[PDB]
$ cat coords_27.pdb   # PDB, C-alpha atoms
MODEL        1
ATOM      1  CA  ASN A   4       0.000   0.000   0.000  1.00  0.00           C
ATOM      2  CA  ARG A   5       3.076   2.375   0.323  1.00  0.00           C
ATOM      3  CA  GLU A   6       3.962   3.739  -3.132  1.00  0.00           C
ATOM      4  CA  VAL A   7       7.060   2.076  -4.467  1.00  0.00           C
ATOM      5  CA  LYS A   8       8.491   3.904  -7.491  1.00  0.00           C
ATOM      6  CA  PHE A   9      11.465   5.240  -9.321  1.00  0.00           C
ATOM      7  CA  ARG A  10      12.575   7.915 -11.700  1.00  0.00           C
ATOM      8  CA  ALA A  11      15.580   7.396 -14.054  1.00  0.00           C
ATOM      9  CA  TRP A  12      18.295   9.699 -15.388  1.00  0.00           C
ATOM     10  CA  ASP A  13      19.233   8.563 -18.917  1.00  0.00           C
ATOM     11  CA  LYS A  14      23.009   9.241 -19.123  1.00  0.00           C
ATOM     12  CA  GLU A  15      22.979   8.798 -22.930  1.00  0.00           C
ATOM     13  CA  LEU A  16      20.285  11.355 -23.688  1.00  0.00           C
ATOM     14  CA  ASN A  17      20.644  13.513 -20.558  1.00  0.00           C
ATOM     15  CA  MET A  18      16.981  13.236 -19.658  1.00  0.00           C
ATOM     16  CA  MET A  19      15.023  12.312 -16.561  1.00  0.00           C
ATOM     17  CA  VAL A  20      12.303   9.714 -17.074  1.00  0.00           C
ATOM     18  CA  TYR A  21       9.301   9.344 -14.671  1.00  0.00           C
ATOM     19  CA  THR A  22       6.557   8.019 -17.019  1.00  0.00           C
ATOM     20  CA  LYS A  23       6.487   8.482 -20.814  1.00  0.00           C
ATOM     21  CA  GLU A  24       9.294  10.992 -21.470  1.00  0.00           C
ATOM     22  CA  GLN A  25      10.810   8.047 -23.336  1.00  0.00           C
ATOM     23  CA  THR A  26       9.445   5.261 -25.335  1.00  0.00           C
ATOM     24  CA  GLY A  27      10.449   1.647 -25.313  1.00  0.00           C
ATOM     25  CA  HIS A  28       9.754  -2.031 -25.502  1.00  0.00           C
ATOM     26  CA  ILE A  29      10.843  -4.378 -22.713  1.00  0.00           C
ATOM     27  CA  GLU A  30      10.877  -8.184 -23.083  1.00  0.00           C
ATOM     28  CA  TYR A  31      11.883 -10.801 -20.519  1.00  0.00           C
ATOM     29  CA  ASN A  32      11.129 -14.420 -19.987  1.00  0.00           C
ATOM     30  CA  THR A  33      10.932 -14.306 -16.207  1.00  0.00           C
ATOM     31  CA  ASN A  34       8.406 -13.379 -13.463  1.00  0.00           C
ATOM     32  CA  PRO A  35       7.521  -9.757 -12.385  1.00  0.00           C
ATOM     33  CA  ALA A  36       9.894  -9.695  -9.394  1.00  0.00           C
ATOM     34  CA  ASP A  37      12.902 -11.065 -11.331  1.00  0.00           C
ATOM     35  CA  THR A  38      12.143  -8.536 -14.089  1.00  0.00           C
ATOM     36  CA  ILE A  39      12.281  -5.536 -11.797  1.00  0.00           C
ATOM     37  CA  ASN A  40      15.549  -6.772 -10.318  1.00  0.00           C
ATOM     38  CA  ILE A  41      17.165  -7.325 -13.734  1.00  0.00           C
ATOM     39  CA  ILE A  42      16.208  -3.847 -14.885  1.00  0.00           C
ATOM     40  CA  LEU A  43      17.277  -2.176 -11.676  1.00  0.00           C
ATOM     41  CA  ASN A  44      20.638  -3.732 -11.765  1.00  0.00           C
ATOM     42  CA  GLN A  45      21.479  -3.315 -15.604  1.00  0.00           C
ATOM     43  CA  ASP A  46      24.066  -0.576 -15.263  1.00  0.00           C
ATOM     44  CA  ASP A  47      25.153  -0.656 -18.896  1.00  0.00           C
ATOM     45  CA  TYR A  48      21.608   0.361 -20.080  1.00  0.00           C
ATOM     46  CA  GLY A  49      22.739   3.856 -18.988  1.00  0.00           C
ATOM     47  CA  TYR A  50      19.817   4.557 -16.632  1.00  0.00           C
ATOM     48  CA  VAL A  51      20.513   5.720 -13.146  1.00  0.00           C
ATOM     49  CA  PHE A  52      17.544   4.764 -10.977  1.00  0.00           C
ATOM     50  CA  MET A  53      16.374   7.017  -8.079  1.00  0.00           C
ATOM     51  CA  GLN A  54      13.748   5.981  -5.594  1.00  0.00           C
ATOM     52  CA  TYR A  55      10.808   7.999  -4.400  1.00  0.00           C
ATOM     53  CA  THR A  56      11.236   8.512  -0.619  1.00  0.00           C
ATOM     54  CA  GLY A  57       7.673   8.512   0.349  1.00  0.00           C
ATOM     55  CA  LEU A  58       7.766  12.190   1.384  1.00  0.00           C
ATOM     56  CA  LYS A  59       6.517  15.336  -0.247  1.00  0.00           C
ATOM     57  CA  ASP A  60       7.941  18.806   0.139  1.00  0.00           C
ATOM     58  CA  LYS A  61       6.351  22.142   1.282  1.00  0.00           C
ATOM     59  CA  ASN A  62       4.558  22.236  -2.113  1.00  0.00           C
ATOM     60  CA  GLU A  63       3.372  18.669  -2.377  1.00  0.00           C
ATOM     61  CA  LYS A  64       6.292  17.804  -4.594  1.00  0.00           C
ATOM     62  CA  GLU A  65       7.433  14.192  -4.179  1.00  0.00           C
ATOM     63  CA  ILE A  66      10.941  13.850  -2.891  1.00  0.00           C
ATOM     64  CA  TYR A  67      13.364  11.506  -4.666  1.00  0.00           C
ATOM     65  CA  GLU A  68      16.798  10.242  -4.120  1.00  0.00           C
ATOM     66  CA  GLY A  69      19.074  12.717  -5.883  1.00  0.00           C
ATOM     67  CA  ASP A  70      16.871  15.697  -5.189  1.00  0.00           C
ATOM     68  CA  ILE A  71      18.460  18.904  -3.987  1.00  0.00           C
ATOM     69  CA  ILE A  72      16.407  20.679  -1.308  1.00  0.00           C
ATOM     70  CA  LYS A  73      16.614  23.968   0.586  1.00  0.00           C
ATOM     71  CA  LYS A  74      15.084  24.661   3.980  1.00  0.00           C
ATOM     72  CA  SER A  75      12.584  27.455   3.178  1.00  0.00           C
ATOM     73  CA  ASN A  76      14.314  29.320   5.990  1.00  0.00           C
ATOM     74  CA  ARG A  77      16.143  32.248   4.352  1.00  0.00           C
ATOM     75  CA  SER A  78      19.137  29.974   5.063  1.00  0.00           C
ATOM     76  CA  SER A  79      22.109  29.403   2.758  1.00  0.00           C
ATOM     77  CA  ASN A  80      22.298  25.546   2.843  1.00  0.00           C
ATOM     78  CA  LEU A  81      21.579  22.952   0.217  1.00  0.00           C
ATOM     79  CA  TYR A  82      21.101  19.282   0.848  1.00  0.00           C
ATOM     80  CA  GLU A  83      21.202  16.227  -1.300  1.00  0.00           C
ATOM     81  CA  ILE A  84      18.740  13.309  -0.826  1.00  0.00           C
ATOM     82  CA  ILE A  85      20.799  10.065  -0.511  1.00  0.00           C
ATOM     83  CA  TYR A  86      19.821   6.455   0.527  1.00  0.00           C
ATOM     84  CA  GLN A  87      22.324   5.049   3.042  1.00  0.00           C
ATOM     85  CA  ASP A  88      22.186   1.213   3.172  1.00  0.00           C
ATOM     86  CA  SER A  89      23.872   1.038   6.515  1.00  0.00           C
ATOM     87  CA  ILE A  90      21.092   2.957   8.263  1.00  0.00           C
ATOM     88  CA  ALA A  91      18.387   1.575   5.888  1.00  0.00           C
ATOM     89  CA  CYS A  92      17.058   5.233   5.430  1.00  0.00           C
ATOM     90  CA  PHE A  93      16.914   8.079   3.049  1.00  0.00           C
ATOM     91  CA  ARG A  94      18.673  11.103   4.626  1.00  0.00           C
ATOM     92  CA  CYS A  95      19.953  14.599   3.666  1.00  0.00           C
ATOM     93  CA  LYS A  96      23.609  15.044   2.819  1.00  0.00           C
ATOM     94  CA  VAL A  97      24.911  18.658   3.120  1.00  0.00           C
ATOM     95  CA  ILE A  98      25.897  20.057  -0.272  1.00  0.00           C
ATOM     96  CA  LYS A  99      26.537  23.669   0.899  1.00  0.00           C
ATOM     97  CA  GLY A 100      28.022  24.848   3.253  1.00  0.00           C
ATOM     98  CA  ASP A 101      27.691  25.112   7.081  1.00  0.00           C
ATOM     99  CA  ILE A 102      27.606  21.431   7.832  1.00  0.00           C
ATOM    100  CA  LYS A 103      25.528  21.533  11.040  1.00  0.00           C
ATOM    101  CA  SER A 104      22.028  20.114  10.362  1.00  0.00           C
ATOM    102  CA  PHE A 105      20.023  18.296   8.960  1.00  0.00           C
ATOM    103  CA  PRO A 106      18.059  16.120  11.462  1.00  0.00           C
ATOM    104  CA  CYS A 107      16.257  12.922  10.437  1.00  0.00           C
ATOM    105  CA  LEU A 108      14.527  13.084   7.057  1.00  0.00           C
ATOM    106  CA  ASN A 109      10.846  12.820   8.023  1.00  0.00           C
ATOM    107  CA  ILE A 110       7.365  14.150   7.503  1.00  0.00           C
ATOM    108  CA  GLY A 111       8.011  16.903  10.121  1.00  0.00           C
ATOM    109  CA  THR A 112      11.467  18.014   8.943  1.00  0.00           C
ATOM    110  CA  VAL A 113      10.451  18.382   5.272  1.00  0.00           C
ATOM    111  CA  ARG A 114       7.258  20.316   5.960  1.00  0.00           C
ATOM    112  CA  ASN A 115       9.320  23.441   5.295  1.00  0.00           C
ATOM    113  CA  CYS A 116      11.704  22.284   2.606  1.00  0.00           C
ATOM    114  CA  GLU A 117      11.459  22.711  -1.160  1.00  0.00           C
ATOM    115  CA  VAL A 118      12.902  20.601  -3.971  1.00  0.00           C
ATOM    116  CA  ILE A 119      15.102  23.009  -6.006  1.00  0.00           C
ATOM    117  CA  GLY A 120      16.710  20.644  -8.653  1.00  0.00           C
ATOM    118  CA  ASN A 121      18.593  17.358  -8.564  1.00  0.00           C
ATOM    119  CA  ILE A 122      22.212  16.265  -8.936  1.00  0.00           C
ATOM    120  CA  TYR A 123      21.688  15.426 -12.634  1.00  0.00           C
ATOM    121  CA  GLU A 124      19.519  18.171 -14.073  1.00  0.00           C
ATOM    122  CA  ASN A 125      21.119  20.903 -11.954  1.00  0.00           C
ATOM    123  CA  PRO A 126      24.914  20.800 -12.068  1.00  0.00           C
ATOM    124  CA  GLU A 127      24.835  24.586 -11.316  1.00  0.00           C
ATOM    125  CA  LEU A 128      23.673  23.652  -7.824  1.00  0.00           C
ATOM    126  CA  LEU A 129      26.566  21.274  -7.260  1.00  0.00           C
ATOM    127  CA  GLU A 130      29.826  21.548  -5.297  1.00  0.00           C
TER
ATOM    128  CA  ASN B   4      25.859   1.339  -6.628  1.00  0.00           C
ATOM    129  CA  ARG B   5      23.564   0.432  -3.609  1.00  0.00           C
ATOM    130  CA  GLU B   6      21.686  -2.796  -4.400  1.00  0.00           C
ATOM    131  CA  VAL B   7      18.086  -2.079  -5.217  1.00  0.00           C
ATOM    132  CA  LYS B   8      15.948  -5.236  -5.218  1.00  0.00           C
ATOM    133  CA  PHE B   9      12.769  -6.958  -4.267  1.00  0.00           C
ATOM    134  CA  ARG B  10      11.305 -10.298  -3.403  1.00  0.00           C
ATOM    135  CA  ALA B  11       7.596 -11.103  -4.063  1.00  0.00           C
ATOM    136  CA  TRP B  12       4.997 -13.187  -2.229  1.00  0.00           C
ATOM    137  CA  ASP B  13       2.633 -14.734  -4.807  1.00  0.00           C
ATOM    138  CA  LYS B  14      -0.778 -14.725  -3.040  1.00  0.00           C
ATOM    139  CA  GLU B  15      -2.249 -17.106  -5.660  1.00  0.00           C
ATOM    140  CA  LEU B  16       0.346 -19.849  -5.325  1.00  0.00           C
ATOM    141  CA  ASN B  17       1.546 -19.076  -1.783  1.00  0.00           C
ATOM    142  CA  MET B  18       5.180 -18.853  -2.806  1.00  0.00           C
ATOM    143  CA  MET B  19       7.974 -16.356  -2.322  1.00  0.00           C
ATOM    144  CA  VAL B  20       9.836 -15.371  -5.479  1.00  0.00           C
ATOM    145  CA  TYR B  21      13.415 -13.916  -5.415  1.00  0.00           C
ATOM    146  CA  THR B  22      14.822 -15.106  -8.791  1.00  0.00           C
ATOM    147  CA  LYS B  23      13.541 -18.110 -10.781  1.00  0.00           C
ATOM    148  CA  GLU B  24      11.147 -19.844  -8.357  1.00  0.00           C
ATOM    149  CA  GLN B  25       8.581 -18.874 -10.990  1.00  0.00           C
ATOM    150  CA  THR B  26       8.620 -18.583 -14.668  1.00  0.00           C
ATOM    151  CA  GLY B  27       7.117 -15.906 -16.825  1.00  0.00           C
ATOM    152  CA  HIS B  28       7.076 -13.613 -19.789  1.00  0.00           C
ATOM    153  CA  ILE B  29       6.740  -9.849 -19.352  1.00  0.00           C
ATOM    154  CA  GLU B  30       5.945  -7.475 -22.242  1.00  0.00           C
ATOM    155  CA  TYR B  31       5.556  -3.696 -22.162  1.00  0.00           C
ATOM    156  CA  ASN B  32       5.848  -0.946 -24.672  1.00  0.00           C
ATOM    157  CA  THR B  33       7.462   1.604 -22.385  1.00  0.00           C
ATOM    158  CA  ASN B  34      10.947   2.481 -21.023  1.00  0.00           C
ATOM    159  CA  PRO B  35      12.754   0.593 -18.153  1.00  0.00           C
ATOM    160  CA  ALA B  36      11.718   3.047 -15.417  1.00  0.00           C
ATOM    161  CA  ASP B  37       8.023   3.124 -16.424  1.00  0.00           C
ATOM    162  CA  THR B  38       8.099  -0.690 -16.591  1.00  0.00           C
ATOM    163  CA  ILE B  39       9.325  -1.125 -13.044  1.00  0.00           C
ATOM    164  CA  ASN B  40       6.693   1.308 -11.799  1.00  0.00           C
ATOM    165  CA  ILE B  41       3.848  -0.451 -13.644  1.00  0.00           C
ATOM    166  CA  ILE B  42       4.863  -3.821 -12.247  1.00  0.00           C
ATOM    167  CA  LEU B  43       5.363  -2.539  -8.734  1.00  0.00           C
ATOM    168  CA  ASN B  44       2.006  -0.974  -8.625  1.00  0.00           C
ATOM    169  CA  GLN B  45      -0.129  -3.827 -10.332  1.00  0.00           C
ATOM    170  CA  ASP B  46      -1.913  -5.053  -7.230  1.00  0.00           C
ATOM    171  CA  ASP B  47      -4.277  -7.378  -9.071  1.00  0.00           C
ATOM    172  CA  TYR B  48      -1.319  -9.497 -10.395  1.00  0.00           C
ATOM    173  CA  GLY B  49      -1.367 -10.955  -6.852  1.00  0.00           C
ATOM    174  CA  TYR B  50       2.297 -10.261  -6.031  1.00  0.00           C
ATOM    175  CA  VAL B  51       3.159  -8.496  -2.849  1.00  0.00           C
ATOM    176  CA  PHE B  52       6.523  -6.796  -3.325  1.00  0.00           C
ATOM    177  CA  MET B  53       9.046  -6.503  -0.429  1.00  0.00           C
ATOM    178  CA  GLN B  54      12.202  -4.470  -0.643  1.00  0.00           C
ATOM    179  CA  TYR B  55      15.664  -5.507   0.398  1.00  0.00           C
ATOM    180  CA  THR B  56      16.774  -3.127   3.200  1.00  0.00           C
ATOM    181  CA  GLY B  57      20.388  -3.032   2.450  1.00  0.00           C
ATOM    182  CA  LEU B  58      21.295  -4.828   5.699  1.00  0.00           C
ATOM    183  CA  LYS B  59      22.342  -8.355   6.464  1.00  0.00           C
ATOM    184  CA  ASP B  60      21.757 -10.245   9.673  1.00  0.00           C
ATOM    185  CA  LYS B  61      24.185 -12.005  12.117  1.00  0.00           C
ATOM    186  CA  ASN B  62      24.566 -14.756   9.463  1.00  0.00           C
ATOM    187  CA  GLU B  63      24.962 -12.674   6.348  1.00  0.00           C
ATOM    188  CA  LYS B  64      21.325 -13.157   5.496  1.00  0.00           C
ATOM    189  CA  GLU B  65      19.845 -10.183   3.629  1.00  0.00           C
ATOM    190  CA  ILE B  66      17.070  -8.463   5.478  1.00  0.00           C
ATOM    191  CA  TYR B  67      13.809  -7.696   3.665  1.00  0.00           C
ATOM    192  CA  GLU B  68      10.672  -5.873   4.390  1.00  0.00           C
ATOM    193  CA  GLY B  69       8.342  -8.450   5.921  1.00  0.00           C
ATOM    194  CA  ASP B  70      11.102 -10.382   7.613  1.00  0.00           C
ATOM    195  CA  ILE B  71      10.630 -11.488  11.192  1.00  0.00           C
ATOM    196  CA  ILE B  72      13.798 -11.166  13.289  1.00  0.00           C
ATOM    197  CA  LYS B  73      14.859 -12.069  16.826  1.00  0.00           C
ATOM    198  CA  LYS B  74      17.641 -10.410  18.788  1.00  0.00           C
ATOM    199  CA  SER B  75      20.080 -13.315  19.336  1.00  0.00           C
ATOM    200  CA  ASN B  76      19.861 -12.338  22.993  1.00  0.00           C
ATOM    201  CA  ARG B  77      18.061 -15.213  24.751  1.00  0.00           C
ATOM    202  CA  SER B  78      15.221 -12.649  24.701  1.00  0.00           C
ATOM    203  CA  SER B  79      11.552 -13.389  24.021  1.00  0.00           C
ATOM    204  CA  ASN B  80      10.777 -10.635  21.427  1.00  0.00           C
ATOM    205  CA  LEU B  81      10.023 -10.811  17.746  1.00  0.00           C
ATOM    206  CA  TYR B  82      10.092  -7.910  15.363  1.00  0.00           C
ATOM    207  CA  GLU B  83       8.693  -7.296  11.954  1.00  0.00           C
ATOM    208  CA  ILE B  84      10.638  -5.353   9.263  1.00  0.00           C
ATOM    209  CA  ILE B  85       8.343  -2.551   7.940  1.00  0.00           C
ATOM    210  CA  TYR B  86       9.031   0.512   5.658  1.00  0.00           C
ATOM    211  CA  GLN B  87       7.457   3.666   7.121  1.00  0.00           C
ATOM    212  CA  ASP B  88       7.000   6.384   4.447  1.00  0.00           C
ATOM    213  CA  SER B  89       6.685   9.137   6.972  1.00  0.00           C
ATOM    214  CA  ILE B  90      10.192   8.585   8.336  1.00  0.00           C
ATOM    215  CA  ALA B  91      11.543   7.423   4.918  1.00  0.00           C
ATOM    216  CA  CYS B  92      13.186   4.355   6.720  1.00  0.00           C
ATOM    217  CA  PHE B  93      12.895   0.689   7.234  1.00  0.00           C
ATOM    218  CA  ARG B  94      12.377   0.000  10.973  1.00  0.00           C
ATOM    219  CA  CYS B  95      11.425  -2.880  13.336  1.00  0.00           C
ATOM    220  CA  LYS B  96       7.845  -3.183  14.507  1.00  0.00           C
ATOM    221  CA  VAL B  97       7.363  -5.252  17.721  1.00  0.00           C
ATOM    222  CA  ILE B  98       5.423  -8.446  17.029  1.00  0.00           C
ATOM    223  CA  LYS B  99       5.872 -10.010  20.519  1.00  0.00           C
ATOM    224  CA  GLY B 100       5.592  -8.922  23.325  1.00  0.00           C
ATOM    225  CA  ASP B 101       7.371  -6.463  25.696  1.00  0.00           C
ATOM    226  CA  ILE B 102       7.124  -3.406  23.526  1.00  0.00           C
ATOM    227  CA  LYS B 103      10.239  -1.559  24.755  1.00  0.00           C
ATOM    228  CA  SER B 104      12.945  -1.632  22.036  1.00  0.00           C
ATOM    229  CA  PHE B 105      13.951  -1.694  19.159  1.00  0.00           C
ATOM    230  CA  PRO B 106      16.322   1.248  18.401  1.00  0.00           C
ATOM    231  CA  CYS B 107      17.056   2.439  14.855  1.00  0.00           C
ATOM    232  CA  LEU B 108      17.396  -0.338  12.282  1.00  0.00           C
ATOM    233  CA  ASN B 109      21.074  -0.081  11.301  1.00  0.00           C
ATOM    234  CA  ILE B 110      24.274  -1.938  10.621  1.00  0.00           C
ATOM    235  CA  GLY B 111      25.118  -1.890  14.381  1.00  0.00           C
ATOM    236  CA  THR B 112      21.705  -2.919  15.747  1.00  0.00           C
ATOM    237  CA  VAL B 113      21.319  -5.924  13.411  1.00  0.00           C
ATOM    238  CA  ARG B 114      24.809  -7.300  13.992  1.00  0.00           C
ATOM    239  CA  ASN B 115      23.192  -9.589  16.564  1.00  0.00           C
ATOM    240  CA  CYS B 116      19.820 -10.291  15.019  1.00  0.00           C
ATOM    241  CA  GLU B 117      18.703 -13.279  12.957  1.00  0.00           C
ATOM    242  CA  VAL B 118      15.987 -13.564  10.315  1.00  0.00           C
ATOM    243  CA  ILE B 119      13.613 -16.298  11.607  1.00  0.00           C
ATOM    244  CA  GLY B 120      10.765 -16.264   8.948  1.00  0.00           C
ATOM    245  CA  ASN B 121       8.540 -13.622   7.392  1.00  0.00           C
ATOM    246  CA  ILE B 122       4.918 -12.534   7.753  1.00  0.00           C
ATOM    247  CA  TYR B 123       3.874 -14.645   4.735  1.00  0.00           C
ATOM    248  CA  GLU B 124       5.767 -17.911   4.988  1.00  0.00           C
ATOM    249  CA  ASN B 125       5.549 -18.042   8.789  1.00  0.00           C
ATOM    250  CA  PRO B 126       2.026 -17.427  10.069  1.00  0.00           C
ATOM    251  CA  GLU B 127       3.002 -19.526  13.159  1.00  0.00           C
ATOM    252  CA  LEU B 128       5.217 -16.612  14.173  1.00  0.00           C
ATOM    253  CA  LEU B 129       2.397 -14.097  13.921  1.00  0.00           C
ATOM    254  CA  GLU B 130       0.201 -12.368  16.519  1.00  0.00           C
TER
ENDMDL
END
$ encode --input "coords_27.pdb" --output "structure tokens"
Amino acid sequence: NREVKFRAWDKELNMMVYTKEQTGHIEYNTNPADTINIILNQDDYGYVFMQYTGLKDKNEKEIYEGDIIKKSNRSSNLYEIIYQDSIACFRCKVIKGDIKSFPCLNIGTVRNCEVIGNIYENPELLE
Amino acid sequence: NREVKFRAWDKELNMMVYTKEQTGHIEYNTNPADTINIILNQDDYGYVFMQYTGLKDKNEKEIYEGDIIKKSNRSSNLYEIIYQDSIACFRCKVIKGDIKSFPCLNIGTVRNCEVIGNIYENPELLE
């Protein structure tokens, strides 16, 4: 009942795919679960997969892995959404600059954040 | 580079699928990302999808959503692995009985846990 879904950055065409941005035809002779796994783990197809976190920002925008958010604070910081296996969580990684926050990523702490770009479509936000 | 993968409980055949337990043929006229999303969200196919957490138990067994673990403690408790959207995390939900733990789900806290069953293949562990 939780939404499980992904967006993809196509490294060949420099394009983010959510639904039908791109066309295709997939064919596999395996079950649904094995199919998802095969696709997710085909690195040479040139798609980078990013998972929807299950949280929405200040504006109802769905927050994905690889998103860059700001705390609608008047503050100078930028954060990157990362999944960290070792804490089995999505969390914020500081991109800029004062490295002091950012608490747990949760429904409370994102109530005043905004998605501003992501690490693929917005290199101007990087480093 | 983090492993993203799923297992599925087939509600029609009462069987857990990881790789080739089940056969099939999938066909879609869309891109990889849209394909994964379609499959994940087809409830009427009768697969319940469960995500790999990114953590392994005391024995190197990979921990999934829906797993039932014990703390290799001599303790009486059982926990269920759940994903909670609102904290964008996998966490333990107490199944039995003394409701007092269980800290964050992380590489430290599972170093002494063991996967014992899951909420589908092990109804004897439930409630």
$ interface_residues --input "coords_27.pdb" --of "chain A" --to "chain B" --cutoff "8 Å" --atoms "all atoms listed in the file" --output "PDB file with C-alpha atoms, in the coordinates of the input"
ATOM      1  CA  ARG A   5       3.076   2.375   0.323  1.00  0.00           C
ATOM      2  CA  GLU A   6       3.962   3.739  -3.132  1.00  0.00           C
ATOM      3  CA  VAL A   7       7.060   2.076  -4.467  1.00  0.00           C
ATOM      4  CA  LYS A   8       8.491   3.904  -7.491  1.00  0.00           C
ATOM      5  CA  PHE A   9      11.465   5.240  -9.321  1.00  0.00           C
ATOM      6  CA  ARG A  10      12.575   7.915 -11.700  1.00  0.00           C
ATOM      7  CA  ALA A  11      15.580   7.396 -14.054  1.00  0.00           C
ATOM      8  CA  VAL A  20      12.303   9.714 -17.074  1.00  0.00           C
ATOM      9  CA  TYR A  21       9.301   9.344 -14.671  1.00  0.00           C
ATOM     10  CA  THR A  22       6.557   8.019 -17.019  1.00  0.00           C
ATOM     11  CA  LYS A  23       6.487   8.482 -20.814  1.00  0.00           C
ATOM     12  CA  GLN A  25      10.810   8.047 -23.336  1.00  0.00           C
ATOM     13  CA  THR A  26       9.445   5.261 -25.335  1.00  0.00           C
ATOM     14  CA  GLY A  27      10.449   1.647 -25.313  1.00  0.00           C
ATOM     15  CA  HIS A  28       9.754  -2.031 -25.502  1.00  0.00           C
ATOM     16  CA  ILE A  29      10.843  -4.378 -22.713  1.00  0.00           C
ATOM     17  CA  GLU A  30      10.877  -8.184 -23.083  1.00  0.00           C
ATOM     18  CA  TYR A  31      11.883 -10.801 -20.519  1.00  0.00           C
ATOM     19  CA  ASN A  32      11.129 -14.420 -19.987  1.00  0.00           C
ATOM     20  CA  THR A  33      10.932 -14.306 -16.207  1.00  0.00           C
ATOM     21  CA  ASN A  34       8.406 -13.379 -13.463  1.00  0.00           C
ATOM     22  CA  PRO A  35       7.521  -9.757 -12.385  1.00  0.00           C
ATOM     23  CA  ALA A  36       9.894  -9.695  -9.394  1.00  0.00           C
ATOM     24  CA  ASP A  37      12.902 -11.065 -11.331  1.00  0.00           C
ATOM     25  CA  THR A  38      12.143  -8.536 -14.089  1.00  0.00           C
ATOM     26  CA  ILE A  39      12.281  -5.536 -11.797  1.00  0.00           C
ATOM     27  CA  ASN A  40      15.549  -6.772 -10.318  1.00  0.00           C
ATOM     28  CA  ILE A  42      16.208  -3.847 -14.885  1.00  0.00           C
ATOM     29  CA  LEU A  43      17.277  -2.176 -11.676  1.00  0.00           C
ATOM     30  CA  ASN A  44      20.638  -3.732 -11.765  1.00  0.00           C
ATOM     31  CA  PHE A  52      17.544   4.764 -10.977  1.00  0.00           C
ATOM     32  CA  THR A  56      11.236   8.512  -0.619  1.00  0.00           C
ATOM     33  CA  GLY A  57       7.673   8.512   0.349  1.00  0.00           C
ATOM     34  CA  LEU A  58       7.766  12.190   1.384  1.00  0.00           C
ATOM     35  CA  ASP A  88      22.186   1.213   3.172  1.00  0.00           C
ATOM     36  CA  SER A  89      23.872   1.038   6.515  1.00  0.00           C
ATOM     37  CA  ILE A  90      21.092   2.957   8.263  1.00  0.00           C
ATOM     38  CA  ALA A  91      18.387   1.575   5.888  1.00  0.00           C
ATOM     39  CA  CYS A  92      17.058   5.233   5.430  1.00  0.00           C
ATOM     40  CA  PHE A  93      16.914   8.079   3.049  1.00  0.00           C
ATOM     41  CA  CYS A 107      16.257  12.922  10.437  1.00  0.00           C
ATOM     42  CA  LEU A 108      14.527  13.084   7.057  1.00  0.00           C
ATOM     43  CA  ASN A 109      10.846  12.820   8.023  1.00  0.00           C
ATOM     44  CA  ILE A 110       7.365  14.150   7.503  1.00  0.00           C
TER      45      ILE A 110
END
$ residues_around --input "coords_27.pdb" --residues "residue 74 of chain A" --least-positions-apart "4" --cutoff "7 Å" --atoms "only C-alpha atoms" --output "PyMOL selection string"
chain A and resi 78+115-117
$ axis_aligned_box --input "coords_27.pdb" --around "segment 97-116 of chain B" --padding-each-side "6 Å" --output "JSON"
{"center_x": 15.3, "center_y": -3.9, "center_z": 18.2, "size_x": 31.7, "size_y": 24.7, "size_z": 27.1}
$ atom_distance --input "coords_27.pdb" --atom1 "atom CA of residue 99 of chain B" --atom2 "atom CA of residue 123 of chain B"
16.6 Å
$ resolve_selection --input "coords_27.pdb" --expression "the PyMOL selection byres ((chain B and resi 84) around 10)" --output "list in words"
residues 53, 56, 66, 67, 68, 69, 70, 71, 72, 82, 83, 85, 86, 87, 93, 94, 95, 96, 97, 98, 108, 118, 121 and 122 of chain B
$ atom_distance --input "coords_27.pdb" --atom1 "atom CA of residue 119 of chain B" --atom2 "atom CA of residue 76 of chain B"
13.6 Å
$ atom_distance --input "coords_27.pdb" --atom1 "atom CA of residue 105 of chain A" --atom2 "atom CA of residue 79 of chain A"
12.9 Å
$ closest_residue --input "coords_27.pdb" --among "B:125, B:103, B:120, B:14" --to "residue 47 of chain B" --atoms "all atoms listed in the file"
B:14
